[PDB]
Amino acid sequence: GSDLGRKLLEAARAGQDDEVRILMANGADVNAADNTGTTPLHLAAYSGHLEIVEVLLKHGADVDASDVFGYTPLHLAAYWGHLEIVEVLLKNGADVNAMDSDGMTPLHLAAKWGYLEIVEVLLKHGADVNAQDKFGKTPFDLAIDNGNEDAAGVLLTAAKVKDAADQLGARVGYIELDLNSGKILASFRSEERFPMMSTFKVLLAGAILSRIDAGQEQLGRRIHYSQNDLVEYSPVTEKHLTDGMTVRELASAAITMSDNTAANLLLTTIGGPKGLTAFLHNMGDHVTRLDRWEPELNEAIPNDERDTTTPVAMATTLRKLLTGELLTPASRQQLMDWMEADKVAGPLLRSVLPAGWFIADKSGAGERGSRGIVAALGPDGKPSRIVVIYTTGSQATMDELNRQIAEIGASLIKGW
């Protein structure tokens, strides 16, 4: 009987992708472990064999397996500066904050050796900047000690955001993204899910504009509705029960005033939340999902994936809508124009925006202390970056939440 377990360990170490598959096909344990607790995934991560890491993961490899010294594959990937592997491990559910026997997290390792790109990715997945090793040192402290000012700065920025959220008992996530290239300039918990709340209405407007471009809808078409269509908070639609509203007026009301009935009426034309989600799949967004209508979509139940997005997905989709090829230039401009005319997000980014800056945004508020904003802004009268910020779970007052988002915005503006 050939010990397939060890043969697989060696194949993973040597980068023999075909041999790895053959052994697995013949019954090799993908989670085989030697006397130190080392698994095929550990060795693949240590050597830097991306393809083998992927094959192991897609066939049942335990992503968080720990060896005798508390090392996970993510520890090894970070220690040797294997960026792509770090990314893949995290995408497959690795524990970003796993601590080895010395109390070191992957973020400690990346900060210590000065692997800036890895520091950034870890932050995307919620790495704890307050994590202390056995000597009481945070990743920041290790960056300072080893003279990595680059990493220190990025970690300091992340700490400001996390520490503010902790005081409120909130979970926070944000991202700053380049409008043209799509390059991520800064973020924290940008790969985690948050309730979209009314921020989804910019995506809804995109779906309608797509139908307009296709000739399935007309901006000037008048929609007639009744009192039984009215839901909570409908400041505009409640005024036009007898005359109705055009698709254009409804889209405007939905974005600029966050009118709920306006959103539901538009949703109906595309087949509801399932219709909007279908449109997002066409945009290349397979993360964002709308499941419910207004106002139920604002429930923000903890760990509920219904009606949620991630900061990176929302920011990326918004970028595609405002600059991509999917909408016609006229429609892209209309979407931007509607967001520029938002009048219900005063207490957020606009409360700290210097004179001369351009901003087009859409805000959101929900139960369980949920608050958020999506925006395209820039210091020179035009938008050059996308900013998305979400907070949830604090049960804090509206004023407290407003200031939480505003101060994050202030930090980004000052460090522009």
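The first residue of the shown sequence is 1; numbering continues from there.
- According to the PDB record, 162 to 170 carries the higher mean C-alpha B-factor of the two stretches 103 to 111 and 162 to 170.
- The stretch with the higher mean CA B factor, choosing between 277 to 285 and 195 to 203, is 277 to 285.
- Reading the B-factor column for the CA atoms of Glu325, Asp307, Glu249, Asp259 in the entry, the top value corresponds to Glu325.
- Across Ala365, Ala360, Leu349, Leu50, the entry's maximum B-factor at the CA atom is seen for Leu50.
- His224: CA B factor in the highest third of modelled residues in this chain (values from the PDB entry).
- Sort the chain's modelled residues by C-alpha temperature factor and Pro329 lands in the highest third, per the entry.
- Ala14: CA B factor in the highest third of modelled residues in this chain (values from the PDB entry).
- In this PDB entry, the Cα temperature factor of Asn146 sits in the top third of its chain's modelled residues, the highest group.
- For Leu185, the recorded CA temperature factor ranks within the middle third of the chain's modelled residues.
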